[PDB]
$ cat final-v8.csv   # CSV, N, CA and C atoms
chain,number,residue,atom,x,y,z
A,1,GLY,N,90.0,192.6,-25.2
A,1,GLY,CA,90.4,192.2,-26.5
A,1,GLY,C,89.3,192.2,-27.5
A,2,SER,N,89.4,191.5,-28.6
A,2,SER,CA,88.4,191.3,-29.5
A,2,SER,C,87.6,190.1,-29.3
A,3,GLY,N,86.2,190.3,-29.2
A,3,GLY,CA,85.4,189.1,-28.9
A,3,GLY,C,84.3,189.0,-29.8
A,4,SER,N,83.7,187.8,-29.9
A,4,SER,CA,82.6,187.5,-30.8
A,4,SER,C,81.3,188.1,-30.3
A,5,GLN,N,80.3,188.2,-31.2
A,5,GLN,CA,79.0,188.8,-30.9
A,5,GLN,C,78.1,187.8,-30.2
A,6,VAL,N,78.4,186.5,-30.4
A,6,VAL,CA,77.5,185.5,-29.7
A,6,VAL,C,78.0,185.2,-28.3
A,7,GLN,N,77.1,185.0,-27.4
A,7,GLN,CA,77.4,184.6,-26.1
A,7,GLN,C,76.6,183.3,-25.7
A,8,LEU,N,77.2,182.5,-24.9
A,8,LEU,CA,76.6,181.3,-24.5
A,8,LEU,C,76.2,181.4,-23.0
A,9,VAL,N,75.0,181.0,-22.7
A,9,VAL,CA,74.6,180.9,-21.3
A,9,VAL,C,74.0,179.5,-21.0
A,10,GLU,N,74.6,178.8,-20.1
A,10,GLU,CA,74.1,177.5,-19.8
A,10,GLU,C,73.2,177.6,-18.6
A,11,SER,N,72.0,177.1,-18.8
A,11,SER,CA,71.0,177.0,-17.8
A,11,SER,C,71.0,175.6,-17.2
A,12,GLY,N,70.8,175.5,-15.9
A,12,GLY,CA,70.8,174.3,-15.2
A,12,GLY,C,71.8,174.3,-14.1
A,13,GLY,N,72.5,173.3,-13.8
A,13,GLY,CA,73.5,173.3,-12.8
A,13,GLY,C,72.8,173.3,-11.4
A,14,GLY,N,71.9,172.5,-11.2
A,14,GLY,CA,71.1,172.5,-10.1
A,14,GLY,C,71.5,171.4,-9.1
A,15,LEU,N,70.6,171.0,-8.3
A,15,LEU,CA,70.9,170.0,-7.3
A,15,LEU,C,69.9,168.9,-7.5
A,16,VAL,N,70.4,167.7,-7.8
A,16,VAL,CA,69.6,166.5,-8.1
A,16,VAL,C,70.0,165.4,-7.2
A,17,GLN,N,69.2,164.4,-7.1
A,17,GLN,CA,69.5,163.3,-6.3
A,17,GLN,C,70.0,162.1,-7.1
A,18,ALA,N,70.7,161.2,-6.5
A,18,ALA,CA,71.2,160.0,-7.2
A,18,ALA,C,70.1,159.2,-7.9
A,19,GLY,N,70.3,159.1,-9.2
A,19,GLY,CA,69.3,158.4,-10.0
A,19,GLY,C,68.3,159.4,-10.7
A,20,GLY,N,68.4,160.6,-10.3
A,20,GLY,CA,67.5,161.6,-10.9
A,20,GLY,C,67.9,162.1,-12.3
A,21,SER,N,67.1,162.9,-12.9
A,21,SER,CA,67.4,163.5,-14.2
A,21,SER,C,67.4,165.0,-14.2
A,22,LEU,N,68.1,165.6,-15.1
A,22,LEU,CA,68.2,167.1,-15.1
A,22,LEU,C,68.3,167.5,-16.6
A,23,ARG,N,67.8,168.6,-17.0
A,23,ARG,CA,68.0,169.1,-18.3
A,23,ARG,C,68.7,170.4,-18.4
A,24,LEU,N,69.8,170.5,-19.1
A,24,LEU,CA,70.4,171.8,-19.2
A,24,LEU,C,70.2,172.4,-20.6
A,25,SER,N,70.3,173.6,-20.7
A,25,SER,CA,70.0,174.3,-21.9
A,25,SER,C,71.1,175.3,-22.2
A,26,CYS,N,71.5,175.5,-23.4
A,26,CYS,CA,72.5,176.5,-23.7
A,26,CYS,C,71.9,177.5,-24.6
A,27,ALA,N,71.9,178.7,-24.1
A,27,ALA,CA,71.3,179.8,-24.8
A,27,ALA,C,72.3,180.6,-25.6
A,28,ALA,N,72.2,180.6,-26.9
A,28,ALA,CA,73.0,181.3,-27.8
A,28,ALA,C,72.4,182.6,-28.2
A,29,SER,N,73.0,183.7,-27.9
A,29,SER,CA,72.4,185.0,-28.3
A,29,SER,C,73.5,185.9,-28.8
A,30,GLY,N,73.2,186.7,-29.8
A,30,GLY,CA,74.2,187.7,-30.3
A,30,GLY,C,74.1,187.9,-31.8
A,31,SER,N,74.1,186.8,-32.5
A,31,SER,CA,74.1,186.8,-34.0
A,31,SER,C,72.9,185.9,-34.5
A,32,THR,N,72.3,186.3,-35.5
A,32,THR,CA,71.2,185.6,-36.1
A,32,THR,C,71.7,184.5,-37.1
A,33,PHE,N,72.9,184.5,-37.3
A,33,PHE,CA,73.6,183.6,-38.2
A,33,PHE,C,73.5,182.2,-37.6
A,34,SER,N,73.2,181.2,-38.5
A,34,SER,CA,73.0,179.9,-38.1
A,34,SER,C,74.2,179.3,-37.4
A,35,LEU,N,74.0,178.8,-36.2
A,35,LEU,CA,75.1,178.3,-35.4
A,35,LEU,C,75.4,176.9,-36.1
A,36,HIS,N,76.7,176.6,-36.2
A,36,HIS,CA,77.1,175.4,-37.0
A,36,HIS,C,77.2,174.1,-36.2
A,37,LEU,N,77.8,174.1,-35.1
A,37,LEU,CA,77.9,172.9,-34.2
A,37,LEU,C,77.8,173.3,-32.8
A,38,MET,N,77.1,172.4,-32.0
A,38,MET,CA,76.8,172.7,-30.6
A,38,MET,C,77.1,171.4,-29.9
A,39,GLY,N,77.7,171.6,-28.7
A,39,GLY,CA,77.9,170.4,-27.9
A,39,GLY,C,78.0,170.7,-26.4
A,40,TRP,N,78.0,169.6,-25.7
A,40,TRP,CA,78.1,169.7,-24.2
A,40,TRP,C,79.4,169.0,-23.8
A,41,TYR,N,80.0,169.6,-22.8
A,41,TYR,CA,81.2,169.1,-22.2
A,41,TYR,C,81.1,169.1,-20.8
A,42,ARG,N,82.0,168.4,-20.1
A,42,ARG,CA,81.9,168.3,-18.7
A,42,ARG,C,83.3,168.5,-18.1
A,43,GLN,N,83.4,169.2,-17.0
A,43,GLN,CA,84.6,169.3,-16.3
A,43,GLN,C,84.4,168.5,-15.1
A,44,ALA,N,85.1,167.5,-14.9
A,44,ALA,CA,85.0,166.7,-13.7
A,44,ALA,C,86.2,166.8,-12.8
A,45,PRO,N,86.0,166.8,-11.5
A,45,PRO,CA,87.1,166.9,-10.6
A,45,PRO,C,88.0,165.7,-10.7
A,46,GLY,N,89.3,165.9,-11.0
A,46,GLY,CA,90.2,164.9,-11.1
A,46,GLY,C,90.4,164.5,-12.6
A,47,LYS,N,89.5,165.0,-13.5
A,47,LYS,CA,89.6,164.8,-14.9
A,47,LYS,C,89.8,166.1,-15.7
A,48,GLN,N,89.9,166.0,-16.9
A,48,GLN,CA,90.0,167.1,-17.9
A,48,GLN,C,88.5,167.3,-18.4
A,49,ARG,N,88.3,168.5,-19.0
A,49,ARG,CA,87.0,168.8,-19.6
A,49,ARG,C,86.8,167.9,-20.8
A,50,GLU,N,85.9,166.9,-20.6
A,50,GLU,CA,85.7,165.9,-21.5
A,50,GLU,C,84.5,166.2,-22.4
A,51,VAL,N,84.5,165.6,-23.6
A,51,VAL,CA,83.4,165.7,-24.5
A,51,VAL,C,82.3,164.8,-24.1
A,52,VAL,N,81.1,165.3,-24.0
A,52,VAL,CA,80.0,164.6,-23.6
A,52,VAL,C,79.2,164.3,-24.9
A,53,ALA,N,78.9,165.3,-25.6
A,53,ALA,CA,78.0,165.2,-26.8
A,53,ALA,C,78.2,166.3,-27.7
A,54,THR,N,78.3,166.1,-29.0
A,54,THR,CA,78.5,167.1,-30.0
A,54,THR,C,77.4,166.9,-31.1
A,55,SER,N,77.0,168.0,-31.7
A,55,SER,CA,76.0,167.9,-32.8
A,55,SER,C,76.6,168.8,-33.9
A,56,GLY,N,76.8,168.2,-35.1
A,56,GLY,CA,77.4,168.9,-36.2
A,56,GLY,C,76.3,169.6,-37.0
A,57,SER,N,76.7,170.0,-38.2
A,57,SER,CA,75.9,170.8,-39.2
A,57,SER,C,74.5,170.1,-39.4
A,58,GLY,N,74.5,168.8,-39.6
A,58,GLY,CA,73.2,168.2,-39.9
A,58,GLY,C,72.5,167.7,-38.6
A,59,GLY,N,73.1,168.1,-37.5
A,59,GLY,CA,72.6,167.6,-36.2
A,59,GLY,C,73.2,166.3,-36.0
A,60,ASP,N,74.4,166.1,-36.5
A,60,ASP,CA,75.2,164.9,-36.4
A,60,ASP,C,75.6,164.7,-35.0
A,61,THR,N,75.1,163.8,-34.3
A,61,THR,CA,75.4,163.7,-32.9
A,61,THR,C,76.4,162.6,-32.6
A,62,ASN,N,77.2,162.9,-31.6
A,62,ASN,CA,78.2,162.0,-31.1
A,62,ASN,C,78.1,162.2,-29.6
A,63,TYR,N,78.0,161.1,-28.9
A,63,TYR,CA,78.0,161.1,-27.5
A,63,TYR,C,79.1,160.2,-26.9
A,64,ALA,N,79.5,160.4,-25.7
A,64,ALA,CA,80.4,159.5,-25.1
A,64,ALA,C,79.7,158.2,-24.8
A,65,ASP,N,80.5,157.1,-24.9
A,65,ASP,CA,79.9,155.8,-24.7
A,65,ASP,C,79.3,155.6,-23.3
A,66,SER,N,79.9,156.4,-22.4
A,66,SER,CA,79.5,156.4,-21.0
A,66,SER,C,78.2,157.2,-20.8
A,67,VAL,N,77.7,157.9,-21.8
A,67,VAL,CA,76.5,158.7,-21.7
A,67,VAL,C,75.4,158.2,-22.6
A,68,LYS,N,75.7,157.2,-23.4
A,68,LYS,CA,74.8,156.6,-24.4
A,68,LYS,C,73.6,156.0,-23.7
A,69,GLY,N,72.4,156.5,-24.1
A,69,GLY,CA,71.2,156.0,-23.5
A,69,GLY,C,70.7,156.8,-22.3
A,70,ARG,N,71.6,157.6,-21.8
A,70,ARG,CA,71.2,158.5,-20.6
A,70,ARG,C,71.2,159.9,-21.0
A,71,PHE,N,72.1,160.3,-21.8
A,71,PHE,CA,72.2,161.7,-22.2
A,71,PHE,C,71.8,161.9,-23.7
A,72,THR,N,71.0,162.8,-23.9
A,72,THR,CA,70.4,163.1,-25.2
A,72,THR,C,70.5,164.6,-25.4
A,73,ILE,N,71.0,165.1,-26.6
A,73,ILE,CA,71.1,166.5,-26.9
A,73,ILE,C,70.2,166.8,-28.1
A,74,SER,N,69.7,168.0,-28.1
A,74,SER,CA,68.8,168.5,-29.1
A,74,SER,C,69.2,169.9,-29.5
A,75,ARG,N,69.1,170.3,-30.8
A,75,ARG,CA,69.5,171.6,-31.2
A,75,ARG,C,68.6,172.2,-32.2
A,76,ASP,N,68.1,173.3,-31.9
A,76,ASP,CA,67.4,174.2,-32.9
A,76,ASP,C,68.4,175.3,-33.3
A,77,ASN,N,68.3,175.9,-34.4
A,77,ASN,CA,69.2,176.9,-34.8
A,77,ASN,C,69.0,178.2,-34.0
A,78,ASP,N,67.7,178.5,-33.7
A,78,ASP,CA,67.5,179.8,-33.0
A,78,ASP,C,66.1,179.9,-32.3
A,79,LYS,N,65.2,178.9,-32.5
A,79,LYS,CA,63.9,179.0,-31.9
A,79,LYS,C,63.9,178.4,-30.5
A,80,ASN,N,64.9,177.7,-30.2
A,80,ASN,CA,65.0,177.0,-29.0
A,80,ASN,C,66.5,177.1,-28.5
A,81,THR,N,66.7,176.7,-27.3
A,81,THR,CA,68.0,176.7,-26.7
A,81,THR,C,68.4,175.2,-26.6
A,82,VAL,N,69.7,174.9,-26.9
A,82,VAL,CA,70.0,173.5,-27.1
A,82,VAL,C,69.8,172.7,-25.8
A,83,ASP,N,69.2,171.5,-25.9
A,83,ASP,CA,68.9,170.7,-24.7
A,83,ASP,C,69.9,169.7,-24.5
A,84,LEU,N,70.1,169.4,-23.2
A,84,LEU,CA,70.8,168.2,-22.8
A,84,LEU,C,70.0,167.5,-21.7
A,85,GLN,N,69.5,166.4,-22.1
A,85,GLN,CA,68.7,165.6,-21.2
A,85,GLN,C,69.7,164.6,-20.5
A,86,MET,N,69.8,164.8,-19.3
A,86,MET,CA,70.7,163.9,-18.5
A,86,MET,C,69.9,163.1,-17.6
A,87,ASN,N,70.0,161.8,-17.7
A,87,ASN,CA,69.3,160.9,-16.8
A,87,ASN,C,70.2,160.0,-16.0
A,88,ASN,N,69.8,159.6,-14.9
A,88,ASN,CA,70.5,158.7,-14.0
A,88,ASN,C,71.8,159.3,-13.5
A,89,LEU,N,71.6,160.5,-12.8
A,89,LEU,CA,72.7,161.2,-12.2
A,89,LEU,C,73.3,160.3,-11.1
A,90,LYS,N,74.5,160.1,-11.2
A,90,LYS,CA,75.3,159.3,-10.3
A,90,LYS,C,76.0,160.3,-9.3
A,91,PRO,N,76.1,159.9,-8.0
A,91,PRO,CA,76.7,160.8,-7.0
A,91,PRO,C,78.0,161.5,-7.4
A,92,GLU,N,78.9,160.7,-8.0
A,92,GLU,CA,80.2,161.2,-8.4
A,92,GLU,C,80.2,161.8,-9.8
A,93,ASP,N,79.0,162.0,-10.4
A,93,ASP,CA,78.9,162.6,-11.7
A,93,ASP,C,78.8,164.1,-11.5
A,94,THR,N,78.8,164.5,-10.2
A,94,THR,CA,78.8,165.9,-9.8
A,94,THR,C,80.0,166.6,-10.5
A,95,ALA,N,79.7,167.5,-11.3
A,95,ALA,CA,80.8,168.2,-12.1
A,95,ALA,C,80.2,169.4,-12.8
A,96,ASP,N,81.1,170.1,-13.6
A,96,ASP,CA,80.7,171.3,-14.3
A,96,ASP,C,80.3,170.9,-15.7
A,97,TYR,N,79.2,171.3,-16.1
A,97,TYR,CA,78.9,171.1,-17.5
A,97,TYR,C,79.0,172.4,-18.3
A,98,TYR,N,79.7,172.2,-19.4
A,98,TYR,CA,80.1,173.3,-20.2
A,98,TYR,C,79.5,173.2,-21.6
A,99,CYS,N,79.2,174.3,-22.2
A,99,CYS,CA,78.6,174.3,-23.5
A,99,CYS,C,79.6,174.8,-24.5
A,100,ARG,N,79.7,174.2,-25.6
A,100,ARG,CA,80.6,174.6,-26.7
A,100,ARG,C,79.8,174.8,-27.9
A,101,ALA,N,79.9,176.0,-28.5
A,101,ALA,CA,79.3,176.3,-29.7
A,101,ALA,C,80.4,176.6,-30.7
A,102,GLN,N,80.3,175.9,-31.8
A,102,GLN,CA,81.3,176.1,-32.8
A,102,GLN,C,80.7,176.7,-34.1
A,103,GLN,N,81.3,177.7,-34.6
A,103,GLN,CA,80.7,178.4,-35.7
A,103,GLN,C,81.7,178.5,-36.8
A,104,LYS,N,81.3,178.1,-38.0
A,104,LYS,CA,82.1,178.2,-39.1
A,104,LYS,C,81.8,179.6,-39.7
A,105,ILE,N,82.8,180.4,-39.8
A,105,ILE,CA,82.7,181.8,-40.1
A,105,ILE,C,83.2,182.0,-41.5
A,106,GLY,N,82.4,182.8,-42.3
A,106,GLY,CA,82.8,183.2,-43.6
A,106,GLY,C,83.1,182.0,-44.5
A,107,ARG,N,84.4,182.0,-44.9
A,107,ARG,CA,84.9,180.9,-45.7
A,107,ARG,C,85.7,179.8,-45.0
A,108,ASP,N,86.7,180.2,-44.2
A,108,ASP,CA,87.6,179.3,-43.6
A,108,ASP,C,87.9,179.6,-42.2
A,109,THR,N,87.1,180.4,-41.6
A,109,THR,CA,87.4,180.8,-40.2
A,109,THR,C,86.5,179.9,-39.3
A,110,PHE,N,87.0,179.5,-38.2
A,110,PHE,CA,86.3,178.6,-37.2
A,110,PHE,C,86.5,179.1,-35.8
A,111,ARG,N,85.5,179.2,-35.1
A,111,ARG,CA,85.6,179.7,-33.7
A,111,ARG,C,84.9,178.8,-32.8
A,112,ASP,N,85.5,178.6,-31.6
A,112,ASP,CA,84.9,177.7,-30.6
A,112,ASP,C,84.5,178.6,-29.4
A,113,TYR,N,83.2,178.6,-29.1
A,113,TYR,CA,82.7,179.4,-28.1
A,113,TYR,C,82.4,178.6,-26.9
A,114,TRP,N,82.8,179.0,-25.7
A,114,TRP,CA,82.6,178.3,-24.5
A,114,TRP,C,81.7,179.1,-23.6
A,115,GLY,N,80.8,178.5,-22.9
A,115,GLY,CA,79.9,179.2,-22.1
A,115,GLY,C,80.4,179.2,-20.6
A,116,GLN,N,79.5,179.5,-19.7
A,116,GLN,CA,79.7,179.5,-18.3
A,116,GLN,C,79.3,178.1,-17.8
A,117,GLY,N,80.2,177.3,-17.4
A,117,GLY,CA,80.0,176.0,-16.9
A,117,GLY,C,79.3,176.0,-15.6
A,118,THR,N,78.2,175.4,-15.6
A,118,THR,CA,77.4,175.3,-14.3
A,118,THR,C,77.7,173.9,-13.7
A,119,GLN,N,77.8,173.9,-12.4
A,119,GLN,CA,78.1,172.7,-11.6
A,119,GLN,C,76.9,172.0,-11.1
A,120,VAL,N,76.7,170.8,-11.5
A,120,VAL,CA,75.5,170.0,-11.0
A,120,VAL,C,75.9,169.2,-9.8
A,121,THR,N,75.1,169.4,-8.8
A,121,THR,CA,75.4,168.7,-7.6
A,121,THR,C,74.4,167.5,-7.4
A,122,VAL,N,75.0,166.4,-7.2
A,122,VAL,CA,74.1,165.2,-7.0
A,122,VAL,C,74.1,164.8,-5.6
A,123,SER,N,73.0,164.7,-5.0
A,123,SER,CA,72.8,164.3,-3.6
A,123,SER,C,72.7,162.8,-3.5
A,124,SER,N,73.5,162.3,-2.6
A,124,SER,CA,73.5,160.9,-2.4
A,124,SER,C,73.1,160.6,-0.9

$ encode --input "final-v8.csv" --output "structure tokens"
Amino acid sequence: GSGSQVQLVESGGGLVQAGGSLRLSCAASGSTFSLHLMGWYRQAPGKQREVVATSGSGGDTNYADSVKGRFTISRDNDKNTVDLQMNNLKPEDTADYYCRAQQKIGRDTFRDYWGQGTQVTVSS
């Protein structure tokens, strides 16, 4: 079909131990146009793909109350790939982490880009 020029690639999805920390990165490539909103989502077994953290136009960050103080996200427009600092990995926090990039196009067009969710395995 018709697809956008930007692609998302999530880095991370490794194997960490209970209590450990991991950093995931979302690589946006395709267009030099300033990406408008970036966020991290999680797909957990038994749950729906939940919002973990979002960053708006001004880097307006919103995190789930359950990730406050443990998860931190950072966004550069194009010199860096968006960071997700995850600390205190719990055994049952093993899930897929997805990246969402939202771009405000032209005047009134909005697109949600989803990447390839990588699964983080926590060793207990």

$ select_by_dssp --input "final-v8.csv" --residues "range 30-103 of chain A" --states "strand (DSSP E or B)" --output "PyMOL selection string"
chain A and resi 37-43+49-55+61-63+71-74+82-86+95-103

$ closest_residue --input "final-v8.csv" --among "A:24, A:35, A:15, A:67" --to "residue 113 in chain A" --atoms "only C-alpha atoms"
A:35

$ closest_residue --input "final-v8.csv" --among "A:88, A:109, A:5, A:72" --to "residue 33 in chain A" --atoms "only C-alpha atoms"
A:5

$ residues_near_point --input "final-v8.csv" --point "(77.6, 176.5, -23.0)" --cutoff "7 Å" --atoms "only N, CA and C atoms" --output "PDB file with N, CA and C atoms, in the frame of the given file"
ATOM      1  N   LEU A   8      77.200 182.500 -24.900  1.00  0.00           N
ATOM      2  CA  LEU A   8      76.600 181.300 -24.500  1.00  0.00           C
ATOM      3  C   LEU A   8      76.200 181.400 -23.000  1.00  0.00           C
ATOM      4  N   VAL A   9      75.000 181.000 -22.700  1.00  0.00           N
ATOM      5  CA  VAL A   9      74.600 180.900 -21.300  1.00  0.00           C
ATOM      6  C   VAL A   9      74.000 179.500 -21.000  1.00  0.00           C
ATOM      7  N   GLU A  10      74.600 178.800 -20.100  1.00  0.00           N
ATOM      8  CA  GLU A  10      74.100 177.500 -19.800  1.00  0.00           C
ATOM      9  C   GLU A  10      73.200 177.600 -18.600  1.00  0.00           C
ATOM     10  N   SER A  25      70.300 173.600 -20.700  1.00  0.00           N
ATOM     11  CA  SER A  25      70.000 174.300 -21.900  1.00  0.00           C
ATOM     12  C   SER A  25      71.100 175.300 -22.200  1.00  0.00           C
ATOM     13  N   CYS A  26      71.500 175.500 -23.400  1.00  0.00           N
ATOM     14  CA  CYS A  26      72.500 176.500 -23.700  1.00  0.00           C
ATOM     15  C   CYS A  26      71.900 177.500 -24.600  1.00  0.00           C
ATOM     16  N   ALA A  27      71.900 178.700 -24.100  1.00  0.00           N
ATOM     17  CA  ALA A  27      71.300 179.800 -24.800  1.00  0.00           C
ATOM     18  C   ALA A  27      72.300 180.600 -25.600  1.00  0.00           C
ATOM     19  N   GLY A  39      77.700 171.600 -28.700  1.00  0.00           N
ATOM     20  CA  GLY A  39      77.900 170.400 -27.900  1.00  0.00           C
ATOM     21  C   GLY A  39      78.000 170.700 -26.400  1.00  0.00           C
ATOM     22  N   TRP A  40      78.000 169.600 -25.700  1.00  0.00           N
ATOM     23  CA  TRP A  40      78.100 169.700 -24.200  1.00  0.00           C
ATOM     24  C   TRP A  40      79.400 169.000 -23.800  1.00  0.00           C
ATOM     25  N   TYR A  97      79.200 171.300 -16.100  1.00  0.00           N
ATOM     26  CA  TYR A  97      78.900 171.100 -17.500  1.00  0.00           C
ATOM     27  C   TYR A  97      79.000 172.400 -18.300  1.00  0.00           C
ATOM     28  N   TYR A  98      79.700 172.200 -19.400  1.00  0.00           N
ATOM     29  CA  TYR A  98      80.100 173.300 -20.200  1.00  0.00           C
ATOM     30  C   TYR A  98      79.500 173.200 -21.600  1.00  0.00           C
ATOM     31  N   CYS A  99      79.200 174.300 -22.200  1.00  0.00           N
ATOM     32  CA  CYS A  99      78.600 174.300 -23.500  1.00  0.00           C
ATOM     33  C   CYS A  99      79.600 174.800 -24.500  1.00  0.00           C
ATOM     34  N   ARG A 100      79.700 174.200 -25.600  1.00  0.00           N
ATOM     35  CA  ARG A 100      80.600 174.600 -26.700  1.00  0.00           C
ATOM     36  C   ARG A 100      79.800 174.800 -27.900  1.00  0.00           C
ATOM     37  N   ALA A 101      79.900 176.000 -28.500  1.00  0.00           N
ATOM     38  CA  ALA A 101      79.300 176.300 -29.700  1.00  0.00           C
ATOM     39  C   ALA A 101      80.400 176.600 -30.700  1.00  0.00           C
ATOM     40  N   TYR A 113      83.200 178.600 -29.100  1.00  0.00           N
ATOM     41  CA  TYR A 113      82.700 179.400 -28.100  1.00  0.00           C
ATOM     42  C   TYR A 113      82.400 178.600 -26.900  1.00  0.00           C
ATOM     43  N   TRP A 114      82.800 179.000 -25.700  1.00  0.00           N
ATOM     44  CA  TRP A 114      82.600 178.300 -24.500  1.00  0.00           C
ATOM     45  C   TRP A 114      81.700 179.100 -23.600  1.00  0.00           C
ATOM     46  N   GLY A 115      80.800 178.500 -22.900  1.00  0.00           N
ATOM     47  CA  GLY A 115      79.900 179.200 -22.100  1.00  0.00           C
ATOM     48  C   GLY A 115      80.400 179.200 -20.600  1.00  0.00           C
ATOM     49  N   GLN A 116      79.500 179.500 -19.700  1.00  0.00           N
ATOM     50  CA  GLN A 116      79.700 179.500 -18.300  1.00  0.00           C
ATOM     51  C   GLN A 116      79.300 178.100 -17.800  1.00  0.00           C
ATOM     52  N   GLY A 117      80.200 177.300 -17.400  1.00  0.00           N
ATOM     53  CA  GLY A 117      80.000 176.000 -16.900  1.00  0.00           C
ATOM     54  C   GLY A 117      79.300 176.000 -15.600  1.00  0.00           C
TER      55      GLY A 117
END

$ atom_distance --input "final-v8.csv" --atom1 "atom N of residue 20 in chain A" --atom2 "atom C of residue 87 in chain A"
6.0 Å

$ residues_around --input "final-v8.csv" --residues "residue 77 in chain A" --least-positions-apart "2" --cutoff "9 Å" --atoms "only C-alpha atoms" --output "list in words"
residues 33, 34, 35, 36, 75, 79, 80, 81 and 82 of chain A

$ atom_distance --input "final-v8.csv" --atom1 "atom C of residue 31 in chain A" --atom2 "atom C of residue 4 in chain A"
9.6 Å

$ atom_distance --input "final-v8.csv" --atom1 "atom C of residue 47 in chain A" --atom2 "atom N of residue 70 in chain A"
21.0 Å

$ residues_near_point --input "final-v8.csv" --point "(83.5, 164.4, -24.4)" --cutoff "7 Å" --atoms "all atoms listed in the file" --output "PyMOL selection string"
chain A and resi 40-42+49-53+63-64

$ closest_residue --input "final-v8.csv" --among "A:55, A:17, A:86, A:94" --to "residue 69 in chain A" --atoms "all atoms listed in the file"
A:86

$ residues_around --input "final-v8.csv" --residues "residue 91 in chain A" --least-positions-apart "3" --cutoff "8 Å" --atoms "all atoms listed in the file" --output "PyMOL selection string"
chain A and resi 17-19+88+94-95+121-124

$ closest_residue --input "final-v8.csv" --among "A:1, A:7, A:16, A:43" --to "residue 89 in chain A" --atoms "only N, CA and C atoms"
A:16

$ closest_residue --input "final-v8.csv" --among "A:66, A:120, A:84, A:3" --to "residue 30 in chain A" --atoms "only C-alpha atoms"
A:3
